[PDB]
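Structure file structure_8.cif (mmCIF, N, CA and C atoms) follows.
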```
data_upload
#
loop_
_atom_site.label_atom_id
_atom_site.label_comp_id
_atom_site.auth_asym_id
_atom_site.auth_seq_id
_atom_site.Cartn_x
_atom_site.Cartn_y
_atom_site.Cartn_z
N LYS A 2503 1.15 -15.44 36.53
CA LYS A 2503 2.41 -15.14 37.12
C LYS A 2503 2.85 -13.81 36.62
N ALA A 2504 2.57 -13.52 35.34
CA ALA A 2504 2.97 -12.27 34.76
C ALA A 2504 2.26 -11.18 35.50
N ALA A 2505 0.98 -11.41 35.83
CA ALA A 2505 0.20 -10.46 36.56
C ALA A 2505 0.85 -10.22 37.88
N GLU A 2506 1.26 -11.31 38.55
CA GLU A 2506 1.83 -11.18 39.86
C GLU A 2506 3.06 -10.33 39.74
N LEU A 2507 3.88 -10.60 38.72
CA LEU A 2507 5.13 -9.92 38.55
C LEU A 2507 4.88 -8.46 38.31
N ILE A 2508 3.92 -8.15 37.42
CA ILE A 2508 3.67 -6.78 37.05
C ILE A 2508 3.26 -6.04 38.27
N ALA A 2509 2.33 -6.62 39.05
CA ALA A 2509 1.81 -5.97 40.21
C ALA A 2509 2.93 -5.72 41.16
N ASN A 2510 3.83 -6.71 41.32
CA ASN A 2510 4.90 -6.63 42.27
C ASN A 2510 5.84 -5.53 41.86
N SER A 2511 6.18 -5.46 40.55
CA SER A 2511 7.11 -4.49 40.06
C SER A 2511 6.48 -3.13 40.15
N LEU A 2512 5.16 -3.08 39.95
CA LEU A 2512 4.35 -1.90 39.99
C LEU A 2512 4.50 -1.32 41.36
N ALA A 2513 4.37 -2.18 42.38
CA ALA A 2513 4.40 -1.77 43.75
C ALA A 2513 5.75 -1.23 44.08
N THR A 2514 6.82 -1.88 43.58
CA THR A 2514 8.14 -1.42 43.89
C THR A 2514 8.37 -0.11 43.20
N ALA A 2515 7.90 -0.03 41.94
CA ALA A 2515 8.01 1.09 41.06
C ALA A 2515 7.08 2.19 41.47
N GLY A 2516 6.10 1.90 42.35
CA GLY A 2516 5.28 2.96 42.86
C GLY A 2516 4.13 3.24 41.93
N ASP A 2517 3.37 4.30 42.25
CA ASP A 2517 2.17 4.67 41.54
C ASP A 2517 2.51 5.10 40.15
N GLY A 2518 3.58 5.89 39.99
CA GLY A 2518 3.91 6.46 38.71
C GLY A 2518 4.12 5.34 37.75
N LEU A 2519 4.61 4.20 38.27
CA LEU A 2519 4.88 3.05 37.46
C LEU A 2519 3.60 2.58 36.86
N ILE A 2520 2.56 2.55 37.69
CA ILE A 2520 1.28 2.01 37.35
C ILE A 2520 0.70 2.84 36.26
N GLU A 2521 0.79 4.17 36.43
CA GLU A 2521 0.11 5.03 35.52
C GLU A 2521 0.65 4.87 34.15
N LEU A 2522 1.97 4.93 33.95
CA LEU A 2522 2.25 4.92 32.56
C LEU A 2522 2.19 3.56 31.95
N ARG A 2523 2.26 2.49 32.76
CA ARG A 2523 2.05 1.20 32.17
C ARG A 2523 0.63 1.15 31.68
N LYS A 2524 -0.31 1.78 32.43
CA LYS A 2524 -1.69 1.74 32.03
C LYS A 2524 -1.83 2.48 30.75
N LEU A 2525 -1.12 3.62 30.60
CA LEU A 2525 -1.28 4.36 29.39
C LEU A 2525 -0.66 3.62 28.24
N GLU A 2526 0.46 2.90 28.46
CA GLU A 2526 1.02 2.21 27.33
C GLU A 2526 0.06 1.16 26.88
N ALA A 2527 -0.54 0.42 27.84
CA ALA A 2527 -1.43 -0.66 27.52
C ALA A 2527 -2.62 -0.11 26.80
N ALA A 2528 -3.12 1.05 27.24
CA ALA A 2528 -4.28 1.63 26.63
C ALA A 2528 -3.93 1.99 25.23
N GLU A 2529 -2.70 2.47 25.02
CA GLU A 2529 -2.26 2.87 23.72
C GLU A 2529 -2.22 1.66 22.85
N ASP A 2530 -1.78 0.51 23.41
CA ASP A 2530 -1.68 -0.71 22.65
C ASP A 2530 -3.05 -1.12 22.22
N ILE A 2531 -4.03 -1.03 23.14
CA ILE A 2531 -5.37 -1.46 22.86
C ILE A 2531 -5.86 -0.63 21.72
N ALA A 2532 -5.61 0.69 21.78
CA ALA A 2532 -6.06 1.59 20.76
C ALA A 2532 -5.41 1.23 19.47
N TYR A 2533 -4.12 0.85 19.51
CA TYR A 2533 -3.42 0.51 18.30
C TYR A 2533 -4.12 -0.63 17.64
N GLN A 2534 -4.34 -1.71 18.41
CA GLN A 2534 -4.81 -2.92 17.81
C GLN A 2534 -6.14 -2.68 17.19
N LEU A 2535 -7.05 -2.01 17.91
CA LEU A 2535 -8.35 -1.86 17.34
C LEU A 2535 -8.32 -0.94 16.16
N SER A 2536 -7.54 0.16 16.25
CA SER A 2536 -7.65 1.24 15.32
C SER A 2536 -7.02 0.99 13.97
N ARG A 2537 -6.09 0.02 13.84
CA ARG A 2537 -5.26 0.02 12.66
C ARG A 2537 -6.04 -0.08 11.39
N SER A 2538 -5.66 0.76 10.39
CA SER A 2538 -6.25 0.79 9.07
C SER A 2538 -5.53 1.83 8.25
N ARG A 2539 -5.36 1.58 6.93
CA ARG A 2539 -4.78 2.57 6.05
C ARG A 2539 -4.65 2.00 4.67
N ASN A 2540 -4.47 2.88 3.65
CA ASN A 2540 -4.43 2.43 2.28
C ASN A 2540 -3.67 3.43 1.45
N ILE A 2541 -3.06 2.96 0.34
CA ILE A 2541 -2.41 3.83 -0.60
C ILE A 2541 -2.79 3.37 -1.98
N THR A 2542 -2.83 4.29 -2.97
CA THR A 2542 -3.24 3.90 -4.29
C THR A 2542 -2.55 4.78 -5.29
N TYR A 2543 -2.56 4.37 -6.58
CA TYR A 2543 -2.00 5.17 -7.63
C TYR A 2543 -3.07 5.29 -8.66
N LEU A 2544 -2.80 6.13 -9.67
CA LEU A 2544 -3.64 6.17 -10.83
C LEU A 2544 -2.72 5.73 -11.92
N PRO A 2545 -2.66 4.46 -12.17
CA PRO A 2545 -1.65 4.01 -13.08
C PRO A 2545 -1.89 4.45 -14.48
N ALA A 2546 -1.01 5.33 -14.98
CA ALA A 2546 -1.05 5.74 -16.34
C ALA A 2546 0.37 5.71 -16.76
N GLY A 2547 0.62 5.24 -17.99
CA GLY A 2547 1.97 5.15 -18.44
C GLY A 2547 2.28 6.46 -19.06
N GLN A 2548 2.76 6.41 -20.32
CA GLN A 2548 3.07 7.57 -21.11
C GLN A 2548 4.49 7.94 -20.89
N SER A 2549 5.20 8.14 -22.01
CA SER A 2549 6.56 8.57 -21.98
C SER A 2549 6.71 9.45 -23.17
N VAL A 2550 7.78 10.25 -23.23
CA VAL A 2550 7.89 11.10 -24.37
C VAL A 2550 9.17 10.79 -25.07
N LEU A 2551 9.08 10.59 -26.40
CA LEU A 2551 10.25 10.42 -27.20
C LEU A 2551 10.27 11.62 -28.08
N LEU A 2552 11.21 12.54 -27.83
CA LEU A 2552 11.23 13.73 -28.62
C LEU A 2552 12.27 13.54 -29.66
N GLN A 2553 11.91 13.85 -30.92
CA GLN A 2553 12.86 13.71 -31.97
C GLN A 2553 12.89 15.02 -32.70
N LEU A 2554 14.10 15.50 -33.02
CA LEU A 2554 14.20 16.73 -33.75
C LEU A 2554 14.26 16.35 -35.19
N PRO A 2555 13.64 17.14 -36.01
CA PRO A 2555 13.72 16.86 -37.41
C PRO A 2555 15.08 17.26 -37.88
N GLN A 2556 15.59 16.62 -38.94
CA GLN A 2556 16.90 16.98 -39.40
C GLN A 2556 16.82 17.09 -40.92
N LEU B 2236 -4.47 -13.48 36.20
CA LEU B 2236 -3.92 -13.22 34.92
C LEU B 2236 -4.30 -14.20 33.86
N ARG B 2237 -4.80 -15.40 34.22
CA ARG B 2237 -5.35 -16.22 33.17
C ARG B 2237 -6.46 -15.45 32.52
N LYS B 2238 -7.22 -14.69 33.32
CA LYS B 2238 -8.33 -13.93 32.81
C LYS B 2238 -7.81 -12.93 31.83
N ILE B 2239 -6.71 -12.23 32.19
CA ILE B 2239 -6.18 -11.20 31.35
C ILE B 2239 -5.68 -11.80 30.07
N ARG B 2240 -5.02 -12.96 30.15
CA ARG B 2240 -4.49 -13.59 28.97
C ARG B 2240 -5.61 -13.89 28.03
N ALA B 2241 -6.71 -14.47 28.56
CA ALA B 2241 -7.81 -14.85 27.73
C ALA B 2241 -8.36 -13.62 27.09
N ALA B 2242 -8.42 -12.52 27.86
CA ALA B 2242 -8.96 -11.30 27.36
C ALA B 2242 -8.09 -10.80 26.25
N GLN B 2243 -6.76 -10.97 26.37
CA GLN B 2243 -5.88 -10.48 25.35
C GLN B 2243 -6.22 -11.19 24.08
N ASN B 2244 -6.33 -12.53 24.15
CA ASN B 2244 -6.55 -13.31 22.98
C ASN B 2244 -7.86 -12.96 22.36
N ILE B 2245 -8.91 -12.82 23.18
CA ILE B 2245 -10.22 -12.56 22.65
C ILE B 2245 -10.20 -11.24 21.95
N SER B 2246 -9.60 -10.21 22.58
CA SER B 2246 -9.62 -8.90 21.99
C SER B 2246 -8.83 -8.92 20.72
N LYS B 2247 -7.71 -9.67 20.72
CA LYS B 2247 -6.85 -9.70 19.57
C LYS B 2247 -7.55 -10.33 18.42
N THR B 2248 -8.20 -11.49 18.66
CA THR B 2248 -8.81 -12.21 17.59
C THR B 2248 -9.90 -11.37 17.01
N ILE B 2249 -10.71 -10.75 17.88
CA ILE B 2249 -11.85 -10.02 17.43
C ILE B 2249 -11.42 -8.79 16.69
N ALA B 2250 -10.39 -8.10 17.21
CA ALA B 2250 -10.04 -6.79 16.76
C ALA B 2250 -9.61 -6.73 15.32
N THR B 2251 -8.79 -7.69 14.85
CA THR B 2251 -8.12 -7.44 13.60
C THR B 2251 -9.06 -7.43 12.42
N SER B 2252 -8.75 -6.55 11.44
CA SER B 2252 -9.51 -6.44 10.22
C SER B 2252 -8.97 -5.29 9.41
N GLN B 2253 -8.88 -5.48 8.07
CA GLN B 2253 -8.48 -4.43 7.16
C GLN B 2253 -8.63 -4.95 5.77
N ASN B 2254 -8.49 -4.05 4.78
CA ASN B 2254 -8.58 -4.46 3.40
C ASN B 2254 -7.75 -3.50 2.61
N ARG B 2255 -7.06 -3.99 1.54
CA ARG B 2255 -6.24 -3.09 0.78
C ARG B 2255 -6.37 -3.43 -0.67
N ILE B 2256 -5.91 -2.51 -1.55
CA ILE B 2256 -5.98 -2.72 -2.97
C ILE B 2256 -4.58 -2.69 -3.48
N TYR B 2257 -4.30 -3.47 -4.54
CA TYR B 2257 -2.98 -3.49 -5.09
C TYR B 2257 -3.18 -3.44 -6.57
N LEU B 2258 -2.17 -3.01 -7.35
CA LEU B 2258 -2.40 -3.05 -8.76
C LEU B 2258 -1.11 -3.38 -9.41
N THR B 2259 -0.92 -4.66 -9.78
CA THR B 2259 0.28 -5.00 -10.49
C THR B 2259 -0.04 -4.75 -11.92
N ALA B 2260 0.97 -4.34 -12.70
CA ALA B 2260 0.68 -3.97 -14.05
C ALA B 2260 1.97 -3.95 -14.77
N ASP B 2261 2.07 -2.99 -15.70
CA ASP B 2261 3.19 -2.70 -16.55
C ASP B 2261 2.61 -2.76 -17.92
N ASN B 2262 2.83 -1.71 -18.72
CA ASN B 2262 2.18 -1.73 -20.00
C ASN B 2262 3.23 -2.00 -21.02
N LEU B 2263 3.14 -3.18 -21.66
CA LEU B 2263 4.10 -3.49 -22.67
C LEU B 2263 3.36 -4.12 -23.80
N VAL B 2264 3.15 -3.35 -24.88
CA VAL B 2264 2.55 -3.88 -26.06
C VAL B 2264 3.29 -3.27 -27.19
N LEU B 2265 3.53 -4.04 -28.26
CA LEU B 2265 4.27 -3.48 -29.34
C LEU B 2265 3.41 -3.49 -30.55
N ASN B 2266 3.27 -2.31 -31.19
CA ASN B 2266 2.54 -2.22 -32.41
C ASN B 2266 3.55 -1.85 -33.44
N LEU B 2267 3.80 -2.75 -34.41
CA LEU B 2267 4.82 -2.43 -35.37
C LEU B 2267 4.23 -2.52 -36.73
N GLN B 2268 4.36 -1.42 -37.50
CA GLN B 2268 3.95 -1.45 -38.87
C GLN B 2268 5.11 -0.93 -39.65
N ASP B 2269 5.53 -1.68 -40.68
CA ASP B 2269 6.66 -1.25 -41.45
C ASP B 2269 6.16 -0.79 -42.78
N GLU B 2270 6.83 -1.24 -43.86
CA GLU B 2270 6.46 -0.77 -45.16
C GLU B 2270 5.07 -1.25 -45.45
N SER B 2271 4.08 -0.36 -45.21
CA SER B 2271 2.72 -0.65 -45.54
C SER B 2271 1.91 0.47 -44.97
N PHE B 2272 1.23 1.23 -45.85
CA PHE B 2272 0.44 2.34 -45.40
C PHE B 2272 0.26 3.13 -46.65
N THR B 2273 -0.41 4.29 -46.57
CA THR B 2273 -0.53 5.05 -47.77
C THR B 2273 -0.40 6.49 -47.41
N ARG B 2274 0.12 7.28 -48.35
CA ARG B 2274 0.21 8.70 -48.19
C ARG B 2274 -0.88 9.23 -49.07
N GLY B 2275 -0.57 10.23 -49.91
CA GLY B 2275 -1.60 10.72 -50.78
C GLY B 2275 -0.94 11.33 -51.97
N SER B 2276 -1.73 11.57 -53.03
CA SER B 2276 -1.19 12.21 -54.19
C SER B 2276 -2.23 13.16 -54.70
N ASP B 2277 -1.79 14.16 -55.48
CA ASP B 2277 -2.69 15.13 -56.02
C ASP B 2277 -3.04 14.69 -57.40
N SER B 2278 -3.67 15.60 -58.17
CA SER B 2278 -4.01 15.27 -59.52
C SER B 2278 -3.14 16.11 -60.40
N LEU B 2279 -2.43 15.46 -61.33
CA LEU B 2279 -1.61 16.20 -62.24
C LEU B 2279 -1.60 15.43 -63.51
N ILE B 2280 -1.75 16.13 -64.65
CA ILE B 2280 -1.71 15.41 -65.88
C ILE B 2280 -0.27 15.23 -66.23
N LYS B 2281 0.13 13.97 -66.43
CA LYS B 2281 1.51 13.68 -66.72
C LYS B 2281 1.53 12.86 -67.96
N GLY B 2282 2.70 12.81 -68.61
CA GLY B 2282 2.85 12.02 -69.79
C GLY B 2282 4.31 11.87 -70.02
N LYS B 2283 4.74 10.68 -70.49
CA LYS B 2283 6.14 10.48 -70.71
C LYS B 2283 6.33 10.26 -72.17
N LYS B 2284 7.48 10.71 -72.70
CA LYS B 2284 7.76 10.53 -74.09
C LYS B 2284 8.35 9.13 -74.23
#
```
What does the file become when written as structure tokens?
Amino acid sequence: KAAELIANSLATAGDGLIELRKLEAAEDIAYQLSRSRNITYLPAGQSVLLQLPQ
Amino acid sequence: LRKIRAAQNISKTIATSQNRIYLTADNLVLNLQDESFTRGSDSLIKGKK
């Protein structure tokens, strides 16, 4: 039914409608397949306690 | 559209995958040394009356 609706709205919306829906969908497909990423640290502590001699 | 739905699911199930690294930590260790250790002394001839 969703297909029917999309097609119907597509038709009312004309060709331009079709094109960018296709591009959004393609973009979605690309999103789903492509996703990946990572972040990392080099965990090192260290702090400085500076004391003046008196 | 049943076909499309099935395709969505198949692509979705197949597609997903990733891996990540995490590093929980925090460095908390206490080394406490109080009265105990040694310095040094030289050599001197001493004598008390």
Enumerate as a tab-separated table (two decimals) with N, CA and C atoms, in the coordinates of the input the residues belonging to chain A that approach chain B to within 7 Å, with all atoms listed in the file taken into account.
```tsv
chain	number	residue	atom	x	y	z
A	2503	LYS	N	1.15	-15.44	36.53
A	2503	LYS	CA	2.41	-15.14	37.12
A	2503	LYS	C	2.85	-13.81	36.62
A	2504	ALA	N	2.57	-13.52	35.34
A	2504	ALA	CA	2.97	-12.27	34.76
A	2504	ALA	C	2.26	-11.18	35.50
A	2505	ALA	N	0.98	-11.41	35.83
A	2505	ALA	CA	0.20	-10.46	36.56
A	2505	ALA	C	0.85	-10.22	37.88
A	2506	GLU	N	1.26	-11.31	38.55
A	2506	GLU	CA	1.83	-11.18	39.86
A	2506	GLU	C	3.06	-10.33	39.74
A	2534	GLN	N	-4.34	-1.71	18.41
A	2534	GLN	CA	-4.81	-2.92	17.81
A	2534	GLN	C	-6.14	-2.68	17.19
A	2535	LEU	N	-7.05	-2.01	17.91
A	2535	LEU	CA	-8.35	-1.86	17.34
A	2535	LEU	C	-8.32	-0.94	16.16
A	2537	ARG	N	-6.09	0.02	13.84
A	2537	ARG	CA	-5.26	0.02	12.66
A	2537	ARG	C	-6.04	-0.08	11.39
A	2538	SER	N	-5.66	0.76	10.39
A	2538	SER	CA	-6.25	0.79	9.07
A	2538	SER	C	-5.53	1.83	8.25
A	2539	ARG	N	-5.36	1.58	6.93
A	2539	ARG	CA	-4.78	2.57	6.05
A	2539	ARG	C	-4.65	2.00	4.67
A	2540	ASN	N	-4.47	2.88	3.65
A	2540	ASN	CA	-4.43	2.43	2.28
A	2540	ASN	C	-3.67	3.43	1.45
A	2541	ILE	N	-3.06	2.96	0.34
A	2541	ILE	CA	-2.41	3.83	-0.60
A	2541	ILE	C	-2.79	3.37	-1.98
A	2542	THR	N	-2.83	4.29	-2.97
A	2542	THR	CA	-3.24	3.90	-4.29
A	2542	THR	C	-2.55	4.78	-5.29
A	2547	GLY	N	0.62	5.24	-17.99
A	2547	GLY	CA	1.97	5.15	-18.44
A	2547	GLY	C	2.28	6.46	-19.06
```
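Note that the spacing between atom N of residue 2556 (chain A) and CA of residue 2267 (chain B) amounts to 22.2 Å.
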Emit as lines of an AutoDock Vina configuration file the padded axis-aligned box for all listed atoms of region 2252-2270 of chain B, 4 Å per side, with centre and edge lengths in Å to one decimal.
```
center_x = -1.3
center_y = -3.7
center_z = -17.0
size_x = 24.3
size_y = 13.8
size_z = 64.9
```
(request) Give me, please, the distance in Å between CA of residue 2526 (chain A) and CA of residue 2514 (chain A), quoted to one decimal. (result) 18.4 Å
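Taking CA of residue 2536 (chain A) as the reference point, atom C of residue 2242 (chain B) is found at 16.3 Å.
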(message) I need the residues of chain A that end up classed as helix (DSSP H, G or I) by DSSP on the backbone, written out as JSON, numbers by chain.
(response) {"A": [2504, 2505, 2506, 2507, 2508, 2509, 2510, 2511, 2512, 2513, 2514, 2515, 2516, 2517, 2518, 2519, 2520, 2521, 2522, 2523, 2524, 2525, 2526, 2527, 2528, 2529, 2530, 2531, 2532, 2533, 2534, 2535, 2536]}
(message) Please list, as JSON, numbers by chain, the residues that have an atom at most 12 Å away from (7.0, -3.7, 38.0) in the coordinates of this file, counting only C-alpha atoms.
(response) {"A": [2504, 2505, 2506, 2507, 2508, 2509, 2510, 2511, 2512, 2513, 2514, 2515, 2516, 2517, 2518, 2519, 2520, 2521, 2522, 2523, 2524]}
Hey, could you patch up region 2252-2268 of chain B with N, CA, C and O atoms and hand it over as a short mmCIF file (atom, residue, chain, number, x, y, z; two decimals), in the frame of the given file?
```cif
data_model
loop_
_atom_site.label_atom_id
_atom_site.label_comp_id
_atom_site.auth_asym_id
_atom_site.auth_seq_id
_atom_site.Cartn_x
_atom_site.Cartn_y
_atom_site.Cartn_z
N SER B 2252 -8.75 -6.55 11.44
CA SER B 2252 -9.51 -6.44 10.22
C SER B 2252 -8.97 -5.29 9.41
O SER B 2252 -8.63 -4.24 9.96
N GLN B 2253 -8.88 -5.48 8.07
CA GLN B 2253 -8.48 -4.43 7.16
C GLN B 2253 -8.63 -4.95 5.77
O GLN B 2253 -8.87 -6.14 5.56
N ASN B 2254 -8.49 -4.05 4.78
CA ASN B 2254 -8.58 -4.46 3.40
C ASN B 2254 -7.75 -3.50 2.61
O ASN B 2254 -7.70 -2.31 2.92
N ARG B 2255 -7.06 -3.99 1.54
CA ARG B 2255 -6.24 -3.09 0.78
C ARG B 2255 -6.37 -3.43 -0.67
O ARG B 2255 -6.87 -4.49 -1.04
N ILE B 2256 -5.91 -2.51 -1.55
CA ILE B 2256 -5.98 -2.72 -2.97
C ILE B 2256 -4.58 -2.69 -3.48
O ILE B 2256 -3.72 -1.99 -2.93
N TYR B 2257 -4.30 -3.47 -4.54
CA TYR B 2257 -2.98 -3.49 -5.09
C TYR B 2257 -3.18 -3.44 -6.57
O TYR B 2257 -4.27 -3.75 -7.05
N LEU B 2258 -2.17 -3.01 -7.35
CA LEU B 2258 -2.40 -3.05 -8.76
C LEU B 2258 -1.11 -3.38 -9.41
O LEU B 2258 -0.26 -2.52 -9.61
N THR B 2259 -0.92 -4.66 -9.78
CA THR B 2259 0.28 -5.00 -10.49
C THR B 2259 -0.04 -4.75 -11.92
O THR B 2259 -1.18 -4.91 -12.35
N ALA B 2260 0.97 -4.34 -12.70
CA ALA B 2260 0.68 -3.97 -14.05
C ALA B 2260 1.97 -3.95 -14.77
O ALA B 2260 2.85 -4.79 -14.54
N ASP B 2261 2.07 -2.99 -15.70
CA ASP B 2261 3.19 -2.70 -16.55
C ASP B 2261 2.61 -2.76 -17.92
O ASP B 2261 1.94 -3.73 -18.27
N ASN B 2262 2.83 -1.71 -18.72
CA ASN B 2262 2.18 -1.73 -20.00
C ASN B 2262 3.23 -2.00 -21.02
O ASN B 2262 4.13 -1.19 -21.23
N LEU B 2263 3.14 -3.18 -21.66
CA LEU B 2263 4.10 -3.49 -22.67
C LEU B 2263 3.36 -4.12 -23.80
O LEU B 2263 2.97 -5.29 -23.73
N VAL B 2264 3.15 -3.35 -24.88
CA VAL B 2264 2.55 -3.88 -26.06
C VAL B 2264 3.29 -3.27 -27.19
O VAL B 2264 3.67 -2.10 -27.13
N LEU B 2265 3.53 -4.04 -28.26
CA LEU B 2265 4.27 -3.48 -29.34
C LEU B 2265 3.41 -3.49 -30.55
O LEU B 2265 2.87 -4.52 -30.94
N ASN B 2266 3.27 -2.31 -31.19
CA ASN B 2266 2.54 -2.22 -32.41
C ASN B 2266 3.55 -1.85 -33.44
O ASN B 2266 4.13 -0.77 -33.38
N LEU B 2267 3.80 -2.75 -34.41
CA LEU B 2267 4.82 -2.43 -35.37
C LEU B 2267 4.23 -2.52 -36.73
O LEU B 2267 3.67 -3.54 -37.12
N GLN B 2268 4.36 -1.42 -37.50
CA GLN B 2268 3.95 -1.45 -38.87
C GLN B 2268 5.11 -0.93 -39.65
O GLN B 2268 5.65 0.13 -39.33
#
```
